[PDB]
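Below: one structure, written as structure tokens.
Here the Cβ is made from the backbone with ideal geometry for all residues, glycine too, and neighbour counts use every protein chain on show. Please treat every number below as a calculation from the coordinates, not as lab data.
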Number of protein chains: 2
Amino acid sequence: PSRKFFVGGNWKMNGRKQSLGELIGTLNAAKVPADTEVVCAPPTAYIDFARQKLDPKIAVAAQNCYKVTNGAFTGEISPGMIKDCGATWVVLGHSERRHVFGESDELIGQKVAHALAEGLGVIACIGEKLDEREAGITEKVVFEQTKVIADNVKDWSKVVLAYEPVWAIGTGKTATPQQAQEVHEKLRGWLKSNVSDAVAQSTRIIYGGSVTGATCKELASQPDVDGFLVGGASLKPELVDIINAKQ
Amino acid sequence: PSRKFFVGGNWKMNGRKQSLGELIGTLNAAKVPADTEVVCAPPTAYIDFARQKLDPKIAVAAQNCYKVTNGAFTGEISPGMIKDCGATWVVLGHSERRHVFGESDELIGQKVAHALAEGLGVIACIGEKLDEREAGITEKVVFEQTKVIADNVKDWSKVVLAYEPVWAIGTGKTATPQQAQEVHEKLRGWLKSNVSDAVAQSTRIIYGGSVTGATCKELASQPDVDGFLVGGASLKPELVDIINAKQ
């Protein structure tokens, strides 16, 4: 039972209603292929706008959330607010969150548990730093990140794991197909060993870090790479080519 | 001239479209008196929603923002986005941001400079912790915080300073009118010595920390208290009595 190809567009802290509305209009007019799940993650001010403007064939994700339903957390939003705006996903543990904003594995884990308990899907991000890879500890780093996520997932149906090497995010330096495949095969083996075969076979493991129209077909051909989390290229019409990476 | 009374309602991480729509209906129906400036700060996912539903008599604030126009900051929003959604204020340096989320004085100062350069007004928050008050270093703490803010303000026209002792936030332990007046009068003194008499006379210094319908008149009567930043009571019709505290 094949895993459905998944492409998420992470707009990060970019865009305004004019430019984002135009990007949405491109997506709305595009033919989304078969057995292809497309999700757009706008800046938090525009979750509602995006969902209002986007055709229902495209889902909306929050870029982050907090770990309780309501409370005294100025500047935060909860899973319940995201669902209330019609969004069905949240991106958790993104590299920027971990390494610019200091979010811990423990905090990420708490967010995952709360987001899933409230009925959102979670795109859960993992990945090593260039110095970690240099020191020979890629697998150790991503296995520990994955473990903390797994400790907070009861139902993997609603989760997608996104492997993004830190050194590949926004640098132009896409992981080669071999580099991505190697990690993704190891991560799926982790799921098989630590959760179940059924979970290892059914869970999408998507690659991000400088995915572009020029790199996407060869990456998407790798048997353990199930899709993409796309930053820069998601603000360009190139995103449609990445959506069609398997065509 | 005399400083215009200022009330900010910080909804924090509370509410959904139904409940906030009901609250907004209450505010739209309410009297907003003479020479009172009222601002509501919704959760980030609802800035757009709140601005669309609220009558122009009430301004909208974001609860936080980041320090550049656009960029690779998953989960953040910029002053440009805030202005694009029709909001005119941002709250910066809120206690929760500093003490739960680790935002430094340095970062807050950067945000202040950026938000003001982008044409937003800023509600710039300061306040000592319980341990700092107990140690007797309130003044040293709040002056240092004010200095960092002042170092990043070229024009105080669109700044409001909000003193919220941490020990009063959400605790029900409202500062007494004396306690608030004592701090406010020192802050205005700081502004006189360090910026100008004119800035001291014209700059609103608002109090926050368990402001309630029962406490607001006597606080608003104090000559250096120019209004309120309201948390818990901003989620209730009680907010209207606080808006009308000098009536």
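Roughly how crowded by other chains is peptide A:56-64, in terms of the mean Cβ count from those chains within 10 Å of each of its Cβ atoms?
The per-residue average across the peptide is 1.
Tell me the distances, shortest first, between residue B:106 and the same position across the other copies, using label points 7 Å along Cα→Cβ, in nm to one decimal.
2.4
What residue among B:60, B:38, B:225 has the largest mean-square fluctuation in a Gaussian network model of chain B, using Cα springs under 10 Å?
With Cα springs under 10 Å in chain B, the top fluctuation among B:60, B:38, B:225 is at B:38.
Take peptides B:63-74, A:140-151, A:26-37 and line them up by average Cβ neighbours within 10 Å, highest first, as a rough protection proxy.
Packing proxy ranking, top to bottom: B:63-74, A:140-151, A:26-37.
Residue by residue, what Karplus-based ³J(HN,Hα) values in Hz, rounded to whole numbers, does the stretch B:85-90 have, using 6.51, -1.76 and 1.60 with θ = phi - 60° and x for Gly and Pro?
Calculated HN-Hα couplings, in order: 8, x, 7, 10, 9, 10 Hz.
Quick check on the exposure proxy: order A:97, B:51 from fewest to most C-beta atoms within 10 angstrom. If you can, show how the numbers build up before the last one.
Values: A:97 22, B:51 18.
Ascending Cβ contact count within 10 Å gives the list B:51, A:97.
Please name whichever of A:25, A:167, A:121 sits farthest to the positive end of the charge dipole of chain A, dipole taken about the Cα centre and charges placed at Cβ: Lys and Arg +1, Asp and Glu -1.
Looking along the dipole axis, the top candidate is A:25.
Let's see if you can work this out: charge +1 on each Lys and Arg Cβ, -1 on each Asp and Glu Cβ, no other charges. What is the dipole magnitude of the protein assembly as shown about its Cα centre, in debye to the nearest 20? All intermediate terms of the calculation are to be shown ahead of the outcome.
Numbers: 56 positive and 58 negative charges, 219 e Å.
It comes to approximately 1060 debye.
State to the nearest 20 debye the size of the charge dipole of chain B about its Cα centre, where the only charges are +1 on K and R beta carbons and -1 on D and E beta carbons. Could the numbers behind the result be given before it?
Numbers: 28 positive and 29 negative charges, 110 e Å.
Dipole of chain B, to the nearest 20 debye: 520 debye.
Hey, can you grab everything whose amide H is under 5 Å from the amide H of residue A:94? Only 5+ residues off in sequence or another chain; H modelled, so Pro and N-termini drop out.
A:125
Compute the normalised compactness of the protein assembly as shown: alpha-carbon radius of gyration over 2.2 N^0.38 Å, N being the residue count.
Taking the Cα Rg and dividing by 2.2 N^0.38 Å, one obtains 1.04.
Assume the label is 7 Å from Cα along Cα to beta carbon: what separations in nm does residue A:1 have to the matching positions in the other copies?
Ordered by distance, the counterparts are at 6.9 nm.
Tally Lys and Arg at +1 and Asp and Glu at -1 over the other residues with C-beta under 13 Å from the C-beta of residue B:244: what net charge comes out?
On the way: positive: B:31, B:217, B:246; negative: B:35, B:238, B:241.
Its environment carries a net charge of 0.
Suppose we take every Cα in the stretch B:110-171 and form the convex hull; what volume per residue is that in Å³?
80 Å³
Expressed as a whole number of Å, what is the distance separating the alpha-carbon centroids of the stretch B:116-139 and the stretch B:214-232?
About 17 Å separates the Cα centre of the stretch B:214-232 from the one of the stretch B:116-139.
Could you pull out the pairs from A:111/A:158; A:4/A:147; A:67/A:154; B:154/B:192 whose alpha carbons sit more than 18 Å apart here?
Beyond 18 Å between Cα atoms: A:4/A:147.
For chain B, set up a GNM with springs between Cα atoms under 10 Å and report which of B:170, B:86, B:75 has the largest fluctuation.
B:75
Counting pairs of alpha carbon atoms under 8 Å apart in space and at least six apart in sequence, what relative contact order in percent does chain B give?
Reported as a whole number, the value is 21 percent.
If you count, for every residue in A:14-22, the Cβ atoms of partner chains within 10 Å of its Cβ, what is the mean?
Averaged over the peptide's residues, the number is 3.
Using Cα springs under 10 Å in a Gaussian network model of chain B, which residue among B:15, B:102, B:213 shows the largest mean-square fluctuation?
B:102
Can you find, among A:184, A:242, A:200, the residue farthest towards the positive end of the dipole of the stretch A:153-247? Put +1 on the C-beta of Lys and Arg, -1 on that of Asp and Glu.
After comparing all options, I get A:200.
Which of rounded, prolate or oblate describes chain A when judged by the alpha-carbon gyration tensor and an a/c cut-off of 1.5?
Details: a/c = 1.42, a/b = 1.10, b/c = 1.30.
Rounded, because the longest to shortest axis ratio a/c is under 1.5.
Each residue of the stretch A:119-126 in turn: what ³J(HN,Hα) in whole Hz from Karplus with 6.51, -1.76, 1.60 and θ = phi - 60°, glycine and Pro shown as x?
x, 8, x, 10, 9, 9, 9, 9
Mean residue ellipticity at 222 nm from the helices of the protein assembly as shown, using -39,500 (n - 2.57) per DSSP H segment of n ≥ 4 over the full residue count, to the nearest 500 deg cm²/dmol?
On the way: 22 runs with 193 residues, N = 494.
When only DSSP H runs of four or more count, the value is -11000 deg cm²/dmol.
Towards the positive end of the charge dipole of the stretch B:75-115, with charges on Cβ (+1 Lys, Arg; -1 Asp, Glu), say which of B:82, B:112, B:93 has the farthest Cα.
So the residue we want is B:82.
How much net charge surrounds residue A:200 when only the other residues with a Cβ under 9 Å from the Cβ of residue A:200 are counted, with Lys and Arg +1 and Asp and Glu -1?
+1
Please work out the C-alpha center-to-center distance from the stretch A:27-99 to the stretch B:165-180 and express it in whole Å.
37 Å
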